[PDB]
Engineer: 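Provided herewith is a single structure, encoded as structure tokens, for subsequent inquiry.
Order of listing sets the numbers, starting from 1, for every ligand and every atom in it. Each chain gets a letter, A, B and so on, in the order the sequences are listed, and its residues count up from 1.
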2 protein chains.
Amino acid sequence: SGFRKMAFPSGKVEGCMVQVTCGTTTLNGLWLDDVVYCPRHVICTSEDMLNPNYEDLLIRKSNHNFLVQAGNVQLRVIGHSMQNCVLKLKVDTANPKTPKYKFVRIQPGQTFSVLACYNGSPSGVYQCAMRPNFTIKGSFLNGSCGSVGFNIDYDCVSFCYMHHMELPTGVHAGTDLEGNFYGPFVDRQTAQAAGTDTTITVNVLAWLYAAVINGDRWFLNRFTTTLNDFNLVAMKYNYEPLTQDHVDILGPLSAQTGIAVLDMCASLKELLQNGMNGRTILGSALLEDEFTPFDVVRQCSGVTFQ
Amino acid sequence: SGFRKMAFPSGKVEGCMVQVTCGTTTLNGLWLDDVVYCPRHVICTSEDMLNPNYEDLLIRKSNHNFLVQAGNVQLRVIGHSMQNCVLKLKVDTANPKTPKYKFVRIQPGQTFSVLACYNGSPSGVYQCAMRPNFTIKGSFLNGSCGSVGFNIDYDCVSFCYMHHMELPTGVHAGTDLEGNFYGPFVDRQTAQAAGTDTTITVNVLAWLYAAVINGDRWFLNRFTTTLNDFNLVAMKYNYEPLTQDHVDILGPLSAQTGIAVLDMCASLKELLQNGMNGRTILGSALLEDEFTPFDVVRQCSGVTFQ
Ligand SMILES: *[C@](O)(C(=O)NC1CC1)[C@H](CCC)NC(=O)[C@@H]1[C@H]2CCC[C@H]2CN1C(=O)[C@@H](NC(=O)[C@@H](NC(=O)c1cnccn1)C1CCCCC1)C(C)(C)C
Ligand SMILES: *[C@](O)(C(=O)NC1CC1)[C@H](CCC)NC(=O)[C@@H]1[C@H]2CCC[C@H]2CN1C(=O)[C@@H](NC(=O)[C@@H](NC(=O)c1cnccn1)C1CCCCC1)C(C)(C)C
């Protein structure tokens, strides 16, 4: 038993990280096959950040302006293209450590593991969730951009995020592996507001099941509710509205514990209006929303990976 | 910026995990060089657990009673010895992926990363601390024993824990890599109490510095205290007493922020007696004690690994 913020093993990703340099800027790139992907602002100088014309900037850059390294090994750039906000650097040497991967774009509420790196070298791994406002609350310092977020499906690494920037509020934003930002952000140094954030209701319910699985059942009650009646209370506390789909995804956890999802919603409803009254759930004094139903099943069922 | 429960990249450890079988028992082993280390209770049957005589049990076992696998690859056991509560299986094939390692025994309050595995396959990675009562609050299921805890020092993996069992309270216990349990536990199925647990004061102070580094400074005050006066309040709230050594280890964080350790103790003192009054620090409503001063520096300074 037990329950922790568990991340995916990062072995498969560690072997794809490289160091990319252009001018005085050094950041990380993702080396898969014979391509190195990295944030396109790597070609900008501090003066260009205000209002960059990436197309024109890229046109003035030649393959030898890009120094790419993989430890000692220096890769040779054969070509450079730009896809959305991501830069693709064709290289002479293909990556032998290229795992079986794919690029996916996650949705708000879904979670993934982040391999924070600096100078192409791994620093740590942690789990986090894509917030409803499309930002993430990560832990990144200068030099971290190019670090990626990923998930694993047995033997397939799914890359879903590349780090690009930080907001004054302390949160982070980036794109998927096709270069499209998550959220309304653009890569230029201007004030850009992230929408209001909300609590990922489905995740909170999953965590509550996890607690029950782990013997913490004090918050359980005999009352019941309807999806409509629950949502009315939820929206008042800035919680995402719960949909029938959410209910279906929580089915497995409901099956395993014998507690209907609406019965669980009824307990959550009470907790929102009455608070936790000095008690904790799974060691926390706040309702945790960064565990998906799948994360709970995986951790409580012991799903492993090739 | 940002602050998360960060674990070490597990690449180097993933390649040392193997599956060990003996009779109807299958668990994980650690394959380094030509030795596979695993919990010695792998030779026991359910009936032997009550009061096992490991020496006699081991004597009745022959090298071919141990099936060891590394994916498809089947290793061949050439010999079997027992060191304390750990079993050493000499093998015909040495591990090519054997990293530059060493075995260390940590102290209460120190943290490490755990690579949870099942059937020799990795499941996830998470950070945790050795509690003052020598247990750990991990996340492990049946089949998890042999999973290890480790740290990394540039290019050297330091193994400091091997999982053996779980207490009814839900916490976990195991040994170091030389087979000595952490705590007063013995590997037999009998009631065995873990001592009273306490809060790792030095860690809490480190986390407070982390918060300051991250802009959360509301709890700061102009008062000051003495180590003796602080400790008197601390012991009342079941906090470990703070020693001059602790103070010295917190020096780097004090240097970086310009806040004396005793000034920080004075803020913590107030928080203990007055509470957080509906506020949070680094997103938490409780004082976190599973981050060492080093963990804070590493995460706030961006230390990486070969
Ligand atoms: C990343 O490229 C990296 O690791 N580089 C290595 C060190 C050399 C780097 C990581 C910084 C911690 N990211 C950036 O430099 C991005 C790039 C890409 C988009 C613009 C520039 C600036 N930048 C930032 O992360 C900055 N943040 C901002 O510029 C935000 N600005 C404001 O909040 C703002 C702007 N004008 C007026 C008032 N406020 C913007 C906000 C909108 C979304 C994009 C980021 C810093 C300050 C470096 C964190
Ligand atoms: C591990 O070997 C594994 O992953 N095996 C794979 C599935 C085949 C396994 C993991 C279990 C979740 N560990 C154990 O089986 C250990 C071994 C080693 C020491 C004794 C046996 C039993 N065991 C346990 O983890 C059990 N826990 C206990 O036996 C605890 N007992 C009590 O609390 C107790 C005992 N008698 C009366 C009342 N209470 C003892 C407590 C003292 C310290 C050692 C553990 C289970 C119940 C399987 C978790």
Engineer: Between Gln19(A) and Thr26(A), does any side-chain donor sit less than 3.5 Å from a side-chain acceptor?
Structural biologist: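 No, because no side-chain N or O of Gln19(A) sits under 3.5 Å from a partner of the opposite role on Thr26(A).
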Engineer: Could you name the protein residues that come within less than 4.0 Å of ligand 2, counting only heavy atoms, and order them by chain and residue number?
Structural biologist: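 Lining ligand 2: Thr26(B), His41(B), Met49(B), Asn142(B), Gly143(B), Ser144(B), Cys145(B), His164(B), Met165(B), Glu166(B), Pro168(B), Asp187(B), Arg188(B), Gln189(B), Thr190(B), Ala191(B), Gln192(B).
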Engineer: Does the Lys NZ or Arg CZ of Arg40(A) fall within the cation-pi geometry relative to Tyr54(A) - under 6.0 Å from the ring centre and within 45° of the axis?
Structural biologist: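 The answer is yes, since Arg40(A) meets both limits relative to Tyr54(A).
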Engineer: Tell me, yes or no, whether the heavy-atom count around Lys61(A) atom NZ, taken from other residues, nucleotides or ligands under 6.0 Å, exceeds 12.
Structural biologist: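 For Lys61(A), atom NZ is crowded (more than 12 foreign heavy atoms under 6.0 Å).
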Engineer: Can the ring centroids of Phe3(B) and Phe291(B) be said to lie less than 6.0 angstrom from one another?
Structural biologist: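 Ring centroids of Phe3(B) and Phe291(B) are less than 6.0 Å from each other.
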Engineer: Under the side-chain hydrogen bond (donor to acceptor under 3.5 Å, both in side chains) test, which residues partner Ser139(A), sequence neighbours left out?
Structural biologist: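 With sequence neighbours excluded, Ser139(A) shows a side-chain hydrogen bond (donor to acceptor under 3.5 Å, both in side chains) to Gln299(B), given in chain and number order.
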Engineer: Can you confirm whether or not the ring centre of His164(A) sits under 6.0 Å from the ring centre of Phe181(A)?
Structural biologist: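 Close enough - the centres of the two rings lie under 6.0 Å apart.
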